[PDB]
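Input: a single structure, listed below in structure tokens.
Number of protein chains: 2
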Amino acid sequence: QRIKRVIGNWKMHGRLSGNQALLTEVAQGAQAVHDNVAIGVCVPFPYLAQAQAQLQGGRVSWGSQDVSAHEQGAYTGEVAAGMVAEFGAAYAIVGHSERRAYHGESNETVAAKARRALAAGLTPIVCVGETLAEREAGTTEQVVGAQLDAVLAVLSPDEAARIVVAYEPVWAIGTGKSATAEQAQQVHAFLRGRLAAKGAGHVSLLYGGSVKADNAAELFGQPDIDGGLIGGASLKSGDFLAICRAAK
Amino acid sequence: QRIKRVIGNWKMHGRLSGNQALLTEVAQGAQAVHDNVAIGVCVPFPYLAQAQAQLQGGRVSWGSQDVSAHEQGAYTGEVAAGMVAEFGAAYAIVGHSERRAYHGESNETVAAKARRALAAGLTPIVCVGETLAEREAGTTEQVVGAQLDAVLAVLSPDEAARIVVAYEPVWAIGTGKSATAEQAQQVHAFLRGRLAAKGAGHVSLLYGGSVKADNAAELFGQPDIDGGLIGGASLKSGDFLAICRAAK
Ligand code: NA
Ligand code: NA
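Which chain is which? The protein sequence lines are A and B, in order. Taking the deposited numbering, the leading residue of the first sequence gets 4, the next gets one more, and so forth. Taking the deposited numbering, the leading residue of the second sequence gets 4, the next gets one more, and so forth.
Structural data, given as structure tokens:
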């Protein structure tokens, strides 16, 4: 029995007063979700203090959407895992496809980010995923395998047991193709096998493609999908809670 | 006369209790500095709320070390200029050499960041600077000129009159080489001419190389150097205030 999780990635959205509305609604609605679902939100850096003040003591966790590969130094604009941790955050997303694409983050850089998260007392949500070109070239397993291996290679098994992994079907996001639950399960089963070989087979594997209120039950019903890293639906409390309830 | 400014770039340093100590010392010391010097600190994103609570109503301004090229969207980890503005920040650093190198930010991306900063009511500190390879190839003017032109091209003159520009001699970093005051002036005079041709000739031009208590007066005495964007010396209140006082 592995941990079920529904974690919202707000991405670059939110201002103080809209954040307070979403956070109150989610905290109030979360009381009605089955108690085995770990619910969390990852907010933009400046609002970590707000998320703490509003959610502290409740069942909703919070986190950042990135952390630096280093603990300190001449890295203008970057935020250290140690900084995020001081606001009682539980999570840090590392290696999101948007950052691998737009910021050029390599497999090895993501591995360093995972380690920094752990060292600071956060649970890293380690994102992996292949592009359309990669999938059509038949290299899905080589790619997401190399991404995950790079992270596992710098951790002991006991450290690896503490991560979360998220699969993003980048090939189905704004390309004209779409993913089925079965196609998701196929990659999750592959990733589960790599985790087991490391001795981290119990780690939560979250689906990070398009998750909406109408498809959550089908996706989360798959045997190796333990929940979701939710995009746009995480911005409207009704949709987000609907998704949280489907993870029972 | 143009606005004299000394702005500390903390880079990726600081935790809550050390931040409070530095902020207190700087605010207290700032009360004795000549009143024509605009003193500011740019802090990591999670501490913008802390800088506001501690500095509000005083003469020390605060800012972020970056802002997104976009106002909102699917840009996991990125922080919008609007978000920074809600914490009463006056500044955002855009195009720092560390971000052009480590994050691949192009000339045109920096220009978009400047615009987002202005639209949100921040003063962007637009960083320009050439590498060693560039300087030794004789291309200093072609490079820093292109970097500045990209930002000026997307602004009207009235908009351009609101920016700050900082020159970073990237060629002096980890190279053993150093810049003289006369060399700094030569580049500033070139950048001043480009600003004047746009109708933005009154803009503050800050020197962003290595500034220490013992060299500040010589650098800031140059006719086109209006102050400094300070690195490591910004981390110790005594050294930072020394630098601030020299901008009289
Ligand atoms: Na399942
Ligand atoms: Na001067």
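Ideal Cβ positions, reconstructed from N, Cα and C, are used throughout, including at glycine.
Among the residues facing chain B, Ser71 (chain A) is included, as its CB has a counterpart in that chain under 8 Å away.
In chain order, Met15, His16 make up the part of chain A whose C-beta sits under 7 Å from the C-beta of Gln75 (chain B). Each residue's CA atom was taken as its position, placing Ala93 (chain B) and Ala56 (chain A) some 25 Å apart. Put simply, the region 82–97 of chain B touches the region 39–58 of chain B. At least three CB pairs are less than 8 Å apart. In terms of Cβ geometry, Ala88 (chain B) and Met15 (chain A) do not form a close pair [threshold 8 Å]. Interface residue (Cβ-Cβ distance to chain B less than 8 Å): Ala52 (chain A) is classified as such. Taking the Cα positions, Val131 (chain A) is about 24 Å away from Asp217 (chain A).
The region 48–115 of chain A is shown to contain whole alpha helix (DSSP H) runs of 4 or more residues at 51–58, 84–88, 100–105, in chain order.
If you draw a 10 Å sphere on the C-beta of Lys116 (chain A), you find 16 or more other C-beta atoms in it, and that means buried. Going by C-alpha positions, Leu19 (chain B) is about 44 Å away from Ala200 (chain B).
The criterion of a C-beta distance shorter than 8 Å is satisfied by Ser237 (chain B) and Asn12 (chain B).
Proximity of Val190 (chain A) to chain B, defined by a Cβ-Cβ separation below 8 Å, is not satisfied.
Looking at the DSSP output, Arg119 (chain A) shares a beta bridge with no other residue. Using beta-carbon distances, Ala83 (chain A) counts as an interface residue toward chain B, with a partner under 8 Å.
Under DSSP, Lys7 (chain B) takes part in a beta bridge, and its partners are B:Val40.
The alpha-carbon separation between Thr134 (chain B) and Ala52 (chain A) amounts to approximately 38 Å. A straight-line Cα-Cα distance of about 5 Å links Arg248 (chain B) and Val36 (chain B). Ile166 (chain A) sits in coil when the DSSP states are folded into three classes, being neither helix nor strand. Fewer than three pairs of CB atoms, one per stretch, sit closer than 8 Å, so the region 27–36 of chain A makes no contact with the region 95–115 of chain B. In the displayed model, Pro160 (chain B) falls within a helix according to three-state DSSP. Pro49 (chain B) belongs to the set of residues whose beta carbon lies under 8 Å from a beta carbon in chain A. When A:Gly202, A:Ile6, A:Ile228, A:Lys239 are compared, the shortest CA-CA separation from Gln186 (chain A) is found for A:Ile228.
Leaving aside the five residues that flank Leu232 (chain B) on each side, the residues in its chain whose CB is nearer than 7 Å to its CB run, in chain order, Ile10, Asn12, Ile128, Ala169, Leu209, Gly211. Here DSSP, grouped into helix, strand and coil, assigns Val29 (chain A) to helix.
Cα atoms of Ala77 (chain A) and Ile6 (chain A): separation of roughly 38 Å, rounded to the nearest angstrom.
Any Cβ of chain B closer than 8 Å to the Cβ of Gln68 (chain A) would place that residue at the interface, and such an atom is present. 8 Å or more divides the Cβ of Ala114 (chain A) from the Cβ of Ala163 (chain A).
Residue state for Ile246 (chain B) is assigned as helix, using DSSP reduced to three classes. Between the C-alpha atoms of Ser240 (chain A) and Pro49 (chain A) there is a straight-line separation of about 21 Å. Measuring C-alpha to C-alpha distances from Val146 (chain B) to each of B:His205, B:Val206, B:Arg197 identifies B:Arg197 as the nearest.
Residues of the same chain with their beta carbon placed closer than 6 Å to that of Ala122 (chain A) are lacking, with the five preceding and five following residues left out of the count. The beta carbon of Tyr94 (chain A) sits no closer than 8 Å to any beta carbon of chain B. By the Cβ neighbour-count rule, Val157 (chain A) is exposed, with fewer than 16 other Cβ atoms within 10 Å of its own.
For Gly196 (chain A), the enclosing alpha helix (DSSP H) stretches over residues 184–201. Your pair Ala184 (chain B) and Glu221 (chain B) checks out as a contact, with CB atoms roughly 5 Å apart and the cut at 8 Å. For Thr143 (chain A), the enclosing alpha helix (DSSP H) starts and ends at 143–155.
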